[PDB]
Number of protein chains: 2
Amino acid sequence: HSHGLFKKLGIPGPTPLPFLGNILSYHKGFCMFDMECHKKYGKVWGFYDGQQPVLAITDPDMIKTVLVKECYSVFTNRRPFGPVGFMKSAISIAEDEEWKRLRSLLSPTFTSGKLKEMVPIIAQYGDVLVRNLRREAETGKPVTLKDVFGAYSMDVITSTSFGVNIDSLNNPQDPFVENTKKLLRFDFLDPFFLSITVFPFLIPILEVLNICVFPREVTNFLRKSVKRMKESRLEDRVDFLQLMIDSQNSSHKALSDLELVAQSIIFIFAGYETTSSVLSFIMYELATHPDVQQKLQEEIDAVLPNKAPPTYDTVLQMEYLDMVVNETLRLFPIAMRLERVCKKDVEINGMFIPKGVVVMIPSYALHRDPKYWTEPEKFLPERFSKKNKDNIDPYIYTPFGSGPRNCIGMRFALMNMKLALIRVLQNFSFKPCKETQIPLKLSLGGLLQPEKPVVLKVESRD
Amino acid sequence: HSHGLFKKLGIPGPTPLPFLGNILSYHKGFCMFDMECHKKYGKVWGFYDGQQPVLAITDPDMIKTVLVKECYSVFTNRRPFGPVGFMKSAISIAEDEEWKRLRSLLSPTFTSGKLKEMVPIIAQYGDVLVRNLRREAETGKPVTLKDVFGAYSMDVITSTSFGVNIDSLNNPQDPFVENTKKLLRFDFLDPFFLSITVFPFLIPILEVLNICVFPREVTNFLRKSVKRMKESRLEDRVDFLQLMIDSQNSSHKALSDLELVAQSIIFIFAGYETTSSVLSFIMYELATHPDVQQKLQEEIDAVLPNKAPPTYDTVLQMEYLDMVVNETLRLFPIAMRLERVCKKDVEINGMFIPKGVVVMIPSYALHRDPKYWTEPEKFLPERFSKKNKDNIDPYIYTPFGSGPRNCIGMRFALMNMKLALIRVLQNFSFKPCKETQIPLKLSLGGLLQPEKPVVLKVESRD
Ligand code: HEM
Ligand code: HEM
Ligand SMILES: CC(C)N[C@@H](CSC[C@H](Cc1ccccc1)NC(=O)OC(C)(C)C)C(=O)NCc1cccnc1
Ligand SMILES: CC(C)N[C@@H](CSC[C@H](Cc1ccccc1)NC(=O)OC(C)(C)C)C(=O)NCc1cccnc1
């Protein structure tokens, strides 16, 4: 059973039911379960996802050893979560030596250099986003942000990774738009993924029936799509695909054709719903904190007078904008948790850790700990002012994780989201509607997302 | 193992491999496997779908006992085929007493009476089909029949079962059109369904993970869609839904709300790809047999002079049209086989049949038997002339099965397909293109469908 393990080592936690372990306590979501545990049990605790032991840790020293010092030797991989098919070769899923080789063949894709190159592409779709917004702003109808930010996020994905150029909002039925919309963030508390936790032995079975968590058709579409573009650019700069094609010419072992496809898909999956979700959470805070929206709009006009177009350099110039983005990510860190599988009997910061345990960092709960954040629930961007940004522990605030396996798309994600904000706020202000949910409720599911979706009023600064 | 059963009873057949049984012999498809067996082995034979024994029978007496005389007592159900979820309640899947109750609450829906009522609806989409065809006939581009007949078939389904009215071809992106297109005939020789045959014990497992062969979203869409229409017509004639709603007012036990949904879905699944597939096979024969198309066009003009609109009565008037439809269904009976599970030790026409065996009628192969059809591969509509239609055994030619469990949608299916043909042939002629596959090859898969899809030239009789 292994349900005696934490009781032995002296670690506290909720008592597990047979077979289910502690999963019935997810009825209120990971976020509410994690805070409770931190409160009830202290700096460390333990629980069981079925029979799999999970050790939670909240001490910044312990957290650093795990994600940095002993990342290569001990805590290199994440927990498997379901049948993956050929997506086993995607960087975020791959393990150990395959992972290290993959992370290397793809890191130059995410340098500040290649990213400054991509700025003018992502900018062009700032414009598209505006026109589409004004069309809803010239017709005084409340607006669903995720719909319009999704269309933008999508637009940016297609171009920055394949060269394809569509305003998805107006071609909602373009093939390259349909498949991609199906690529939604996995709800790890829906019937299926729960069942996987009760029956992880079911995972092999499903794999032998080529059942996949990435719908077989979406993937089949993109593979040939990629294997077509591969053989249309070759032969006839500047997207993720080309960067990867260019890499399997001129670790090591180059990148396989199918390995290349899986990375294409993962970048899509990672960047789509996330970008659009964070952008929604930020407009929710700007509409319910009018000062902050006004202070930010003023800042944007000074750097970019005359609605001047944002550039890479003038984006990194804006401090309040960076403050606002970070404080949103504090209150809504959409990964919720960080996790590593401990692959060896180990002892770190004076605590034994037996093989196979899952080490977990409860990010959401640390972001709202009163022991590090005064008034943690209030939206106060000044926590991140260059005055106070020094009193913030990088192992307490980790919206992109930390260490060698942190978010590879971090710089890009922030740059994408900020370009969107600048062009939007150059043009509109955003006001609560009667139908706006104040104060926002987080979904009880396994996603950090709003219970009810965000709807606001949008007015032209003209 | 049970792999000794046929060897014992004195029945011949191919030797089964361990675990796989005879399935490796499906590499050429059910149709080619069935003919071979009939040839090699005679009037009866046996084989194993994994460990499940299947007895084939080709004697018309034996076939009648099975589908008619002993249908209620012995051969009431079909073989399960995969995880079905809530679609377990659909008539074609349900079993025994539930089946008999369902077949009864739905039979009045398929009377000649209700069907004559539906004629003017299905006719209106004959017109739509024309306009769309002429648009491709005024632009001399070869035409893919299944695309244009699919759009028609779809159009007819939506209206005859929910009142919805769209020209799907031009609204290819209407929600009510997207879901329905996913409802495609199951390929019982793709990786998944084969695996089910090797691991039928996997079926329970999949059911406990709410995995379904009817994609959970399509079904989720229609349920609420139906539960909306149910509560918009009620309260504010003339489709399958209303007929079923009217039935759960004024066997017995009425029809449950969820039972009603499953029938809605099955009619869609049954009528969509089938109608469009048969209609394609018929235009393939009319284009490669120009006499027959001309003789039929002449017949239509005499009954309906001046492109007069077809009616129920003038449709049943047309004999050559009926001949042509039937002879197509002979060469392409798209179910391929009929099957019943023997639920008891039984002895019929002097042959023992142990419990649990699957009794199978190899329709495709009987339709092409030289022992009943001279020149079986030739397309000769005169086999069905009212002169020779008496020399045809109803248990050899069974495109809709036979007995209490035969195709409930038969009259409707024929009437739909004939209305389509009349309106089309009143207006166009259909000629081979260079890119037409002559002679058509049947797919080696588990569907009766063309290897390559049918493309023809379409000319206005104007
Ligand atoms: C607001 C946007 C995003 C947020 C908040 C976010 C957050 C995270 C977090 C917390 C992790 C886990 C880090 C760890 O385990 O320590 C992660 C991993 C990852 N992210 Fe993101 N992410 C975002 C957008 C993106 C984008 C746009 C990409 C585009 C390529 C991307 C690619 C990845 C990859 C590939 C990994 C796994 C890396 C590895 O295992 O080596 N992410 N992300
Ligand atoms: C060209 C069109 C069609 C052909 C060739 C066809 C053929 C067949 C065949 C061979 C069977 C099995 C009969 C048996 O087991 O003896 C069947 C069953 C069935 N068909 Fe069709 N079919 C067609 C269209 C339709 C349509 C339009 C509907 C619309 C409602 C429909 C509804 C059903 C149902 C419900 C069953 C199962 C009945 C029961 O189990 O009681 N079919 N069909
Ligand atoms: C393979 C994929 C399905 N599983 C992850 C592996 S990476 C860790 C993720 C990151 C994440 C970030 C934001 C929102 C959701 C998830 N989940 C993580 O919280 O783990 C537990 C749920 C605690 C087990 C993946 O690759 N996701 C692609 C991606 C998405 C978003 C940002 N960056 C990358
Ligand atoms: C539940 C559904 C997935 N399975 C069938 C049960 S009915 C027997 C069918 C009929 C059929 C006709 C034409 C084309 C394909 C199938 N298959 C049959 O050949 O069985 C074996 C494959 C030999 C095992 C169902 O309900 N199909 C709805 C339907 C479709 C078409 C016509 N009428 C009804």
# chains A, B, ... in the order shown; residues from 1 in each chain; ligands from 1

$ residues_near_ligand --ligand "ligand 2" --cutoff "6 Å" --atoms "only C-alpha atoms and all ligand atoms" --output "short mmCIF file (atom, residue, chain, number, x, y, z; two decimals) with C-alpha atoms, in the first residue's frame"
data_model
loop_
_atom_site.label_atom_id
_atom_site.label_comp_id
_atom_site.auth_asym_id
_atom_site.auth_seq_id
_atom_site.Cartn_x
_atom_site.Cartn_y
_atom_site.Cartn_z
CA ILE B 91 -32.17 0.59 -30.14
CA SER B 92 -29.55 -0.94 -32.41
CA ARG B 103 -38.32 -1.25 -31.22
CA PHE B 267 -30.59 7.83 -36.59
CA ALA B 270 -27.11 5.41 -39.39
CA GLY B 271 -28.46 7.74 -42.04
CA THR B 274 -24.86 5.51 -45.48
CA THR B 275 -27.18 7.67 -47.59
CA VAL B 278 -24.99 4.56 -51.48
CA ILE B 334 -22.62 -1.52 -47.05
CA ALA B 335 -23.25 -3.52 -43.85
CA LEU B 338 -25.43 -9.73 -40.68
CA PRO B 399 -29.10 -5.23 -48.04
CA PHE B 400 -31.29 -4.26 -45.04
CA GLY B 401 -31.14 -7.56 -43.22
CA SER B 402 -34.32 -9.49 -42.52
CA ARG B 405 -34.46 -6.88 -36.35
CA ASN B 406 -33.89 -5.67 -39.83
CA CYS B 407 -33.24 -2.09 -40.79
CA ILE B 408 -35.95 0.07 -39.20
CA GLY B 409 -34.96 3.00 -41.46
CA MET B 410 -35.29 1.01 -44.71
CA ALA B 413 -33.48 5.37 -46.58
#

$ residues_around --residues "residue A:69" --least-positions-apart "6" --cutoff "12 Å" --atoms "only C-alpha atoms" --output "list in words"
residues 61, 62, 63, 75, 76, 348, 349, 402, 403, 404 and 405 of chain A

$ write_last_selection --atoms "N, CA and C atoms" --output "PDB file, in the first residue's frame"
ATOM      1  N   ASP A  61      15.215  27.231   1.508  1.00  0.00           N
ATOM      2  CA  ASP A  61      16.450  26.466   1.348  1.00  0.00           C
ATOM      3  C   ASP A  61      16.164  25.117   0.710  1.00  0.00           C
ATOM      4  N   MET A  62      15.253  24.358   1.315  1.00  0.00           N
ATOM      5  CA  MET A  62      14.885  23.061   0.770  1.00  0.00           C
ATOM      6  C   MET A  62      14.439  23.185  -0.682  1.00  0.00           C
ATOM      7  N   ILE A  63      13.737  24.269  -1.016  1.00  0.00           N
ATOM      8  CA  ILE A  63      13.214  24.392  -2.363  1.00  0.00           C
ATOM      9  C   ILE A  63      14.347  24.584  -3.355  1.00  0.00           C
ATOM     10  N   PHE A  75      16.463  15.167  -8.690  1.00  0.00           N
ATOM     11  CA  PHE A  75      15.117  15.637  -8.979  1.00  0.00           C
ATOM     12  C   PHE A  75      15.041  16.140 -10.417  1.00  0.00           C
ATOM     13  N   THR A  76      15.280  15.233 -11.347  1.00  0.00           N
ATOM     14  CA  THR A  76      15.352  15.582 -12.757  1.00  0.00           C
ATOM     15  C   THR A  76      14.005  15.543 -13.487  1.00  0.00           C
ATOM     16  N   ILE A 348      18.228  15.866   2.197  1.00  0.00           N
ATOM     17  CA  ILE A 348      18.435  17.264   1.848  1.00  0.00           C
ATOM     18  C   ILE A 348      17.948  18.128   3.002  1.00  0.00           C
ATOM     19  N   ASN A 349      18.679  19.218   3.240  1.00  0.00           N
ATOM     20  CA  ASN A 349      18.463  20.129   4.361  1.00  0.00           C
ATOM     21  C   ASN A 349      18.031  19.378   5.622  1.00  0.00           C
ATOM     22  N   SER A 402      11.694  27.306 -11.230  1.00  0.00           N
ATOM     23  CA  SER A 402      13.071  27.742 -11.041  1.00  0.00           C
ATOM     24  C   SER A 402      14.024  26.598 -11.361  1.00  0.00           C
ATOM     25  N   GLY A 403      15.262  26.949 -11.692  1.00  0.00           N
ATOM     26  CA  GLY A 403      16.303  25.961 -11.909  1.00  0.00           C
ATOM     27  C   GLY A 403      16.385  25.486 -13.343  1.00  0.00           C
ATOM     28  N   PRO A 404      17.164  24.500 -13.620  1.00  0.00           N
ATOM     29  CA  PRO A 404      17.361  24.095 -14.985  1.00  0.00           C
ATOM     30  C   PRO A 404      16.117  23.655 -15.666  1.00  0.00           C
ATOM     31  N   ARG A 405      15.079  23.366 -14.948  1.00  0.00           N
ATOM     32  CA  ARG A 405      13.889  22.930 -15.633  1.00  0.00           C
ATOM     33  C   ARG A 405      12.715  23.867 -15.501  1.00  0.00           C
TER      34      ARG A 405
END

$ closest_residue --among "A:171, A:220, A:363, A:277" --to "chain B" --atoms "only C-alpha atoms"
A:171

$ interface_residues --of "chain A" --to "chain B" --cutoff "7 Å" --atoms "only C-alpha atoms" --output "list in words"
residues 173, 192, 195 and 209 of chain A

$ write_last_selection --atoms "C-alpha atoms" --output "mmCIF file, in the first residue's frame"
data_model
loop_
_atom_site.group_PDB
_atom_site.id
_atom_site.type_symbol
_atom_site.label_atom_id
_atom_site.label_comp_id
_atom_site.auth_asym_id
_atom_site.auth_seq_id
_atom_site.Cartn_x
_atom_site.Cartn_y
_atom_site.Cartn_z
ATOM 1 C CA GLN A 173 -13.277 28.152 -39.199
ATOM 2 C CA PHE A 192 -10.475 10.676 -16.490
ATOM 3 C CA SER A 195 -9.208 7.522 -12.560
ATOM 4 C CA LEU A 209 -4.549 0.880 -27.497
#

$ select_by_dssp --residues "stretch 27-224 of chain B" --states "alpha helix (DSSP H)" --output "PyMOL selection string"
chain B and resi 29-41+60-64+96-106+112-137+145-162+175-181+191-198+202-208+216-224

$ residues_around --residues "residue B:376" --least-positions-apart "3" --cutoff "10 Å" --atoms "only C-alpha atoms" --output "VMD selection string"
chain B and resid 330 to 331 366 to 373 379 to 380

$ residues_around --residues "stretch 20-34 of chain B" --least-positions-apart "5" --cutoff "6 Å" --atoms "only C-alpha atoms" --output "CSV table (one decimal) with C-alpha atoms, in the first residue's frame"
chain,number,residue,atom,x,y,z
B,48,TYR,CA,-12.3,-17.0,-34.5
B,49,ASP,CA,-12.3,-13.3,-33.9
B,50,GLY,CA,-9.6,-13.7,-31.2
B,444,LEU,CA,-9.4,-3.1,-47.8
B,445,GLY,CA,-10.5,-1.7,-44.5

$ select_by_dssp --residues "stretch 54-187 of chain B" --states "strand (DSSP E)" --output "PyMOL selection string"
chain B and resi 54-57+143-144

$ closest_residue --among "B:419, B:255, B:90, B:360" --to "residue B:120" --atoms "only C-alpha atoms"
B:419

$ atom_distance --atom1 "atom CA of residue A:287" --atom2 "atom CA of residue A:301"
18.7 Å

$ residues_around --residues "residue A:427" --least-positions-apart "6" --cutoff "10 Å" --atoms "only C-alpha atoms" --output "list in words"
residues 130, 133, 134, 297, 307, 458, 459, 460, 461 and 462 of chain A

$ write_last_selection --atoms "N, CA, C and O atoms" --output "PDB file, in the first residue's frame"
ATOM      1  N   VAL A 130      -6.635  45.249 -31.908  1.00  0.00           N
ATOM      2  CA  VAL A 130      -7.219  46.565 -31.667  1.00  0.00           C
ATOM      3  C   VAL A 130      -8.479  46.712 -32.493  1.00  0.00           C
ATOM      4  O   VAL A 130      -9.575  46.823 -31.938  1.00  0.00           O
ATOM      5  N   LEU A 133     -11.181  44.742 -31.225  1.00  0.00           N
ATOM      6  CA  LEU A 133     -11.708  45.300 -29.987  1.00  0.00           C
ATOM      7  C   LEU A 133     -12.589  46.515 -30.247  1.00  0.00           C
ATOM      8  O   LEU A 133     -13.700  46.621 -29.710  1.00  0.00           O
ATOM      9  N   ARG A 134     -12.095  47.454 -31.055  1.00  0.00           N
ATOM     10  CA  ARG A 134     -12.864  48.642 -31.361  1.00  0.00           C
ATOM     11  C   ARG A 134     -14.196  48.289 -31.999  1.00  0.00           C
ATOM     12  O   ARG A 134     -15.196  48.978 -31.766  1.00  0.00           O
ATOM     13  N   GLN A 297      -1.503  53.477 -18.035  1.00  0.00           N
ATOM     14  CA  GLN A 297      -1.758  54.194 -19.285  1.00  0.00           C
ATOM     15  C   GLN A 297      -0.893  55.437 -19.395  1.00  0.00           C
ATOM     16  O   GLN A 297      -0.368  55.743 -20.475  1.00  0.00           O
ATOM     17  N   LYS A 307       0.683  57.285 -29.311  1.00  0.00           N
ATOM     18  CA  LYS A 307       0.398  55.872 -29.517  1.00  0.00           C
ATOM     19  C   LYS A 307       1.501  55.220 -30.351  1.00  0.00           C
ATOM     20  O   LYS A 307       1.248  54.319 -31.163  1.00  0.00           O
ATOM     21  N   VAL A 458     -15.657  48.128 -22.510  1.00  0.00           N
ATOM     22  CA  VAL A 458     -14.484  48.570 -23.260  1.00  0.00           C
ATOM     23  C   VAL A 458     -14.842  49.870 -23.942  1.00  0.00           C
ATOM     24  O   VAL A 458     -15.800  49.916 -24.722  1.00  0.00           O
ATOM     25  N   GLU A 459     -14.077  50.921 -23.664  1.00  0.00           N
ATOM     26  CA  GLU A 459     -14.364  52.234 -24.224  1.00  0.00           C
ATOM     27  C   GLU A 459     -13.149  52.747 -24.977  1.00  0.00           C
ATOM     28  O   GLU A 459     -12.014  52.550 -24.547  1.00  0.00           O
ATOM     29  N   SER A 460     -13.389  53.409 -26.104  1.00  0.00           N
ATOM     30  CA  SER A 460     -12.301  54.010 -26.868  1.00  0.00           C
ATOM     31  C   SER A 460     -11.777  55.239 -26.140  1.00  0.00           C
ATOM     32  O   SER A 460     -12.557  56.088 -25.695  1.00  0.00           O
ATOM     33  N   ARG A 461     -10.451  55.343 -26.011  1.00  0.00           N
ATOM     34  CA  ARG A 461      -9.900  56.617 -25.575  1.00  0.00           C
ATOM     35  C   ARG A 461     -10.166  57.681 -26.622  1.00  0.00           C
ATOM     36  O   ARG A 461      -9.959  58.869 -26.360  1.00  0.00           O
ATOM     37  N   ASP A 462     -10.634  57.265 -27.791  1.00  0.00           N
ATOM     38  CA  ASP A 462     -11.378  58.111 -28.697  1.00  0.00           C
ATOM     39  C   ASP A 462     -12.879  57.876 -28.531  1.00  0.00           C
ATOM     40  O   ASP A 462     -13.675  58.814 -28.541  1.00  0.00           O
TER      41      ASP A 462
END

$ residues_around --residues "residue B:268" --least-positions-apart "3" --cutoff "8 Å" --atoms "only C-alpha atoms" --output "list in words"
residues 157, 180, 183, 264, 265, 271 and 272 of chain B

$ atom_distance --atom1 "atom CA of residue B:424" --atom2 "atom CA of residue B:129"
7.7 Å

$ residues_around --residues "stretch 318-329 of chain A" --least-positions-apart "6" --cutoff "6 Å" --atoms "only C-alpha atoms" --output "list in words"
residues 282, 381 and 384 of chain A

$ write_last_selection --atoms "C-alpha atoms" --output "mmCIF file, in the first residue's frame"
data_model
loop_
_atom_site.group_PDB
_atom_site.id
_atom_site.type_symbol
_atom_site.label_atom_id
_atom_site.label_comp_id
_atom_site.auth_asym_id
_atom_site.auth_seq_id
_atom_site.Cartn_x
_atom_site.Cartn_y
_atom_site.Cartn_z
ATOM 1 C CA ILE A 282 -4.632 41.205 -15.662
ATOM 2 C CA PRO A 381 1.558 46.172 -7.587
ATOM 3 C CA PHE A 384 7.209 44.732 -6.965
#

$ decode --residues "stretch 135-233 of chain A" --atoms "C-alpha atoms" --output "PDB file, in the first residue's frame"
ATOM      1  CA  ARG A 135     -15.497  46.802 -33.388  1.00  0.00           C
ATOM      2  CA  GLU A 136     -16.867  45.645 -30.043  1.00  0.00           C
ATOM      3  CA  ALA A 137     -16.089  49.056 -28.524  1.00  0.00           C
ATOM      4  CA  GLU A 138     -18.012  50.958 -31.193  1.00  0.00           C
ATOM      5  CA  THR A 139     -20.998  48.662 -30.388  1.00  0.00           C
ATOM      6  CA  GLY A 140     -21.581  49.080 -26.633  1.00  0.00           C
ATOM      7  CA  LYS A 141     -21.768  45.368 -25.879  1.00  0.00           C
ATOM      8  CA  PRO A 142     -19.858  43.803 -22.924  1.00  0.00           C
ATOM      9  CA  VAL A 143     -16.793  41.808 -23.984  1.00  0.00           C
ATOM     10  CA  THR A 144     -15.526  38.314 -23.079  1.00  0.00           C
ATOM     11  CA  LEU A 145     -11.768  38.772 -22.737  1.00  0.00           C
ATOM     12  CA  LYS A 146     -10.707  35.143 -23.204  1.00  0.00           C
ATOM     13  CA  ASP A 147     -12.502  35.091 -26.555  1.00  0.00           C
ATOM     14  CA  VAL A 148     -10.674  38.142 -27.821  1.00  0.00           C
ATOM     15  CA  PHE A 149      -7.366  37.370 -26.075  1.00  0.00           C
ATOM     16  CA  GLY A 150      -7.614  33.762 -27.191  1.00  0.00           C
ATOM     17  CA  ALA A 151      -7.921  34.993 -30.775  1.00  0.00           C
ATOM     18  CA  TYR A 152      -4.861  37.154 -30.248  1.00  0.00           C
ATOM     19  CA  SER A 153      -2.908  34.412 -28.411  1.00  0.00           C
ATOM     20  CA  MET A 154      -3.693  31.917 -31.182  1.00  0.00           C
ATOM     21  CA  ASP A 155      -2.756  34.481 -33.846  1.00  0.00           C
ATOM     22  CA  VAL A 156       0.640  34.920 -32.185  1.00  0.00           C
ATOM     23  CA  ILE A 157       1.228  31.185 -31.866  1.00  0.00           C
ATOM     24  CA  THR A 158       0.543  30.425 -35.528  1.00  0.00           C
ATOM     25  CA  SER A 159       2.928  33.095 -36.788  1.00  0.00           C
ATOM     26  CA  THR A 160       5.738  32.746 -34.238  1.00  0.00           C
ATOM     27  CA  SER A 161       5.884  28.996 -34.819  1.00  0.00           C
ATOM     28  CA  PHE A 162       4.793  28.287 -38.452  1.00  0.00           C
ATOM     29  CA  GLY A 163       4.584  31.539 -40.419  1.00  0.00           C
ATOM     30  CA  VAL A 164       0.801  31.159 -40.794  1.00  0.00           C
ATOM     31  CA  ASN A 165      -1.056  34.490 -40.667  1.00  0.00           C
ATOM     32  CA  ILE A 166      -4.762  34.635 -39.835  1.00  0.00           C
ATOM     33  CA  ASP A 167      -7.026  36.805 -37.724  1.00  0.00           C
ATOM     34  CA  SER A 168      -8.565  33.745 -36.104  1.00  0.00           C
ATOM     35  CA  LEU A 169     -11.453  35.783 -34.712  1.00  0.00           C
ATOM     36  CA  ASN A 170     -12.686  36.437 -38.261  1.00  0.00           C
ATOM     37  CA  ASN A 171     -11.621  33.135 -39.768  1.00  0.00           C
ATOM     38  CA  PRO A 172     -12.954  31.093 -36.818  1.00  0.00           C
ATOM     39  CA  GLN A 173     -13.277  28.152 -39.199  1.00  0.00           C
ATOM     40  CA  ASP A 174      -9.833  28.038 -40.804  1.00  0.00           C
ATOM     41  CA  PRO A 175      -8.483  24.462 -40.441  1.00  0.00           C
ATOM     42  CA  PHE A 176      -5.265  25.649 -38.804  1.00  0.00           C
ATOM     43  CA  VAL A 177      -7.489  27.388 -36.234  1.00  0.00           C
ATOM     44  CA  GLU A 178      -9.901  24.506 -35.459  1.00  0.00           C
ATOM     45  CA  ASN A 179      -7.350  21.865 -34.382  1.00  0.00           C
ATOM     46  CA  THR A 180      -5.390  24.320 -32.222  1.00  0.00           C
ATOM     47  CA  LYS A 181      -8.468  25.365 -30.205  1.00  0.00           C
ATOM     48  CA  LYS A 182      -8.822  21.737 -29.062  1.00  0.00           C
ATOM     49  CA  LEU A 183      -5.400  22.046 -27.371  1.00  0.00           C
ATOM     50  CA  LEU A 184      -6.717  23.029 -23.948  1.00  0.00           C
ATOM     51  CA  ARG A 185      -5.012  22.936 -20.558  1.00  0.00           C
ATOM     52  CA  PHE A 186      -5.605  19.579 -18.874  1.00  0.00           C
ATOM     53  CA  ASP A 187      -8.042  19.547 -15.931  1.00  0.00           C
ATOM     54  CA  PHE A 188      -6.223  17.105 -13.639  1.00  0.00           C
ATOM     55  CA  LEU A 189      -9.448  16.678 -11.498  1.00  0.00           C
ATOM     56  CA  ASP A 190     -11.895  15.609 -14.254  1.00  0.00           C
ATOM     57  CA  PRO A 191     -13.188  11.992 -14.201  1.00  0.00           C
ATOM     58  CA  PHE A 192     -10.475  10.676 -16.490  1.00  0.00           C
ATOM     59  CA  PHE A 193      -7.298  11.975 -14.843  1.00  0.00           C
ATOM     60  CA  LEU A 194      -8.599  11.096 -11.391  1.00  0.00           C
ATOM     61  CA  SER A 195      -9.208   7.522 -12.560  1.00  0.00           C
ATOM     62  CA  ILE A 196      -5.564   7.491 -13.708  1.00  0.00           C
ATOM     63  CA  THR A 197      -4.557   8.300 -10.135  1.00  0.00           C
ATOM     64  CA  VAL A 198      -6.654   5.449  -8.755  1.00  0.00           C
ATOM     65  CA  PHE A 199      -5.494   3.150 -11.589  1.00  0.00           C
ATOM     66  CA  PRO A 200      -2.019   4.268 -12.758  1.00  0.00           C
ATOM     67  CA  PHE A 201      -1.698   0.641 -13.873  1.00  0.00           C
ATOM     68  CA  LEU A 202      -4.324   1.575 -16.432  1.00  0.00           C
ATOM     69  CA  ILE A 203      -1.832   3.851 -18.188  1.00  0.00           C
ATOM     70  CA  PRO A 204       0.073   0.948 -19.856  1.00  0.00           C
ATOM     71  CA  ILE A 205      -3.211  -0.552 -20.996  1.00  0.00           C
ATOM     72  CA  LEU A 206      -4.354   2.685 -22.653  1.00  0.00           C
ATOM     73  CA  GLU A 207      -0.933   3.079 -24.347  1.00  0.00           C
ATOM     74  CA  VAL A 208      -1.292  -0.346 -25.928  1.00  0.00           C
ATOM     75  CA  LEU A 209      -4.549   0.880 -27.497  1.00  0.00           C
ATOM     76  CA  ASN A 210      -2.811   4.017 -28.909  1.00  0.00           C
ATOM     77  CA  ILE A 211      -5.176   6.114 -26.803  1.00  0.00           C
ATOM     78  CA  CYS A 212      -3.565   9.477 -26.111  1.00  0.00           C
ATOM     79  CA  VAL A 213      -4.271  12.547 -23.980  1.00  0.00           C
ATOM     80  CA  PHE A 214      -3.388  14.612 -27.066  1.00  0.00           C
ATOM     81  CA  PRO A 215      -6.328  13.823 -29.421  1.00  0.00           C
ATOM     82  CA  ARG A 216      -4.975  11.676 -32.226  1.00  0.00           C
ATOM     83  CA  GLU A 217      -6.438  13.895 -34.958  1.00  0.00           C
ATOM     84  CA  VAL A 218      -5.085  17.277 -33.834  1.00  0.00           C
ATOM     85  CA  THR A 219      -1.640  15.658 -33.723  1.00  0.00           C
ATOM     86  CA  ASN A 220      -2.153  13.886 -37.054  1.00  0.00           C
ATOM     87  CA  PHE A 221      -3.111  17.213 -38.608  1.00  0.00           C
ATOM     88  CA  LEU A 222      -0.047  19.063 -37.386  1.00  0.00           C
ATOM     89  CA  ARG A 223       2.441  16.306 -38.232  1.00  0.00           C
ATOM     90  CA  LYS A 224       1.652  16.340 -41.933  1.00  0.00           C
ATOM     91  CA  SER A 225       1.182  20.136 -41.704  1.00  0.00           C
ATOM     92  CA  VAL A 226       4.716  20.351 -40.346  1.00  0.00           C
ATOM     93  CA  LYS A 227       5.988  17.684 -42.761  1.00  0.00           C
ATOM     94  CA  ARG A 228       4.473  19.872 -45.538  1.00  0.00           C
ATOM     95  CA  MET A 229       5.943  23.189 -44.411  1.00  0.00           C
ATOM     96  CA  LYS A 230       9.237  21.374 -43.849  1.00  0.00           C
ATOM     97  CA  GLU A 231       9.034  20.479 -47.547  1.00  0.00           C
ATOM     98  CA  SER A 232       7.800  23.864 -48.766  1.00  0.00           C
ATOM     99  CA  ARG A 233      10.240  26.186 -47.017  1.00  0.00           C
TER     100      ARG A 233
END
